[PDB]
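Q: I would like the atomic coordinates for the input below:
(2 chains, ligands or ions: 1)
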Amino acid sequence: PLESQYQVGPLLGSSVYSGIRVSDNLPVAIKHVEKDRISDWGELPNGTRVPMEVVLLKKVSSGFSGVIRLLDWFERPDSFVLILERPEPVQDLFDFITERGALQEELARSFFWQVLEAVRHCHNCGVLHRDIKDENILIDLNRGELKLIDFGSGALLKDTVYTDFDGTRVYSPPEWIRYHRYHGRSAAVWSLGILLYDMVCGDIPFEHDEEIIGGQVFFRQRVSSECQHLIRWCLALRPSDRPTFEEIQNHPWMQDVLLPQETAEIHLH
Amino acid sequence: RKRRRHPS
Ligand SMILES: O=C(Nc1cccc2ncccc12)c1cccnc1
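A: Numbers count the residues shown, from 1 in each chain, chains lettered A, B, ... in the order given. This is the structure:
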């Protein structure tokens, strides 16, 4: 009984509605997915057949983390309904960068660090997001915490090659553009380099396939040499030349990160 | 310069 357990508010985007849990007035986001549009299906520990997005969310939603957590889900005749956390006030990182332009490196460092920790969490839980981008990152403006959203393109993490992809093409790596093949972790690192450039320059570096495979990063904003080096390393054309998550977080540019509360008070409040 | 979202 979802119609009686939740009060449904207005649309948040698309089909996600704002909502409130009647049991305790908890703010939630209510996401509806049509069964006809689900291409990837999984099985729960109980054997129940659910969309892969439910499988992945359940795997990452235990304990605290930088992911919007799944609180509950329901099956309807023609759809699935997902009950998600809804922090407030929030702004997604795409709108944040649009409104504020290129971010100061101290702020980009704090944001990038939190995304790395969130992505490490997903990978530790066996989940590959496959659509890391500023549109899929929410900023809790009061707490200075970033939260990953939209696992609808994700997959179980594996060490073998992926040959399917439905994420955002301008964040996808050249091995996908060229050969329709990629490995999970090195593809994630590429999208993270795209995201870091986006933060410190105010928009993504590549729009066309030829730019993605070209291997040339032009900086349209003043960016420190240390930050440029990290970006260019993440955007190595050869996947095996890209850094691991450990090498990213040990990079000199990543040191002395702000705490979330410091980030909020200095840059968001 | 035009900045835009990109659908998945
Ligand atoms: O989790 C999602 N959305 C959200 C959850 C919670 C709060 C939000 N506040 C503001 C905007 C979106 C929000 C989402 C979006 C698109 C696709 N799949 C999932």
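Q: Not counting its neighbours along the chain, what's nearest residue A:33?
A: residue A:80 (5.0 Å; Cβ to Cβ, 6 or more residues apart in numbering or on different chains). Yep, even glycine has a C-beta here, placed from its N, CA and C like the rest.
Q: Can I take it that the one you found is in a helix?
A: No - going by DSSP: H, G, I helix; E, B strand; the rest coil, the assignment for residue A:80 is strand, not a helix.
Q: how close does it sit to chain B?
A: 18 Å (Cβ to the nearest Cβ, to the nearest Å).
Q: What are the neighbouring residues in contact with that residue?
A: The neighbours of residue A:80, taking Cβ atoms under 8 Å, 6 or more residues apart in numbering or on different chains as the test, are A:32, A:33, A:35, A:38, A:50, A:51, A:54, A:73, A:74.
Q: can you put the residues you listed in TSV and add secondary structure and neighbour count?
A: Below are those laid out as TSV (DSSP: H, G, I helix; E, B strand; the rest coil; neighbours: other Cβ atoms under 10 Å in any protein chain shown):
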residue	secondary structure	neighbour count
A:32	strand	15
A:33	strand	19
A:35	helix	13
A:38	coil	16
A:50	strand	19
A:51	strand	22
A:54	helix	22
A:73	strand	20
A:74	strand	16
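Q: so residue A:67 touches residue A:148, yeah?
A: Yes - with contact defined as Cβ atoms under 8 Å, residue A:67 counts as touching residue A:148 (4.7 Å).
Q: Can you tell me which residues in chain A are near the ligand?
A: Residues of chain A lying near the ligand by Cβ under 6 Å from any ligand atom: A:12-13, A:16, A:29, A:31, A:68, A:84, A:86, A:90, A:92, A:138, A:149-150, A:152.
Q: which residue sits closest to residue A:211 in space, ignoring its chain neighbours?
A: In space, and not counting its chain neighbours, residue A:211 is closest to residue A:205: 7.2 Å by Cβ to Cβ, 6+ apart.
Q: Please identify the helix or strand for the one you found.
A: Under the criterion of DSSP states H and E, residue A:205 resides outside all helices and strands.
Q: where's residue A:16 relative to residue A:9, distance?
A: In this view, residue A:16 and residue A:9 are 11 Å apart by Cβ to Cβ, to the nearest Å.
Q: Tell me which of the two has more neighbours.
A: Neighbour tally, residue A:16 and residue A:9, criterion other Cβ atoms under 10 Å in any protein chain shown: the higher count belongs to residue A:16, 18 against 15.
Q: What residue, apart from its backbone neighbours, is nearest that one spatially?
A: residue A:31 (4.7 Å).
Q: which residues does that neighbour bridge with?
A: Using DSSP bridges, the bridge partners assigned to residue A:31 are residue A:16, residue A:82.
Q: residues near it, how many?
A: So residue A:31, with other Cβ under 10 Å, has 25 neighbours.
Q: and what of residue A:62?
A: 9.
Q: Repeat that for the one 5 residues further on.
A: The number of residues packed around residue A:67, counting by other Cβ under 10 Å, is 24.
Q: and stretch A:187-195, how far out from the chain's middle?
A: Computed by Cα atoms, centre = their mean, to the nearest Å, the chain-centroid distance of stretch A:187-195 equals 11 Å.
Q: and that stretch with chain B, contact?
A: No - on the criterion Cβ under 8 Å from any Cβ of the partner chain, stretch A:187-195 is out of touch with chain B, staying 10.7 Å away.
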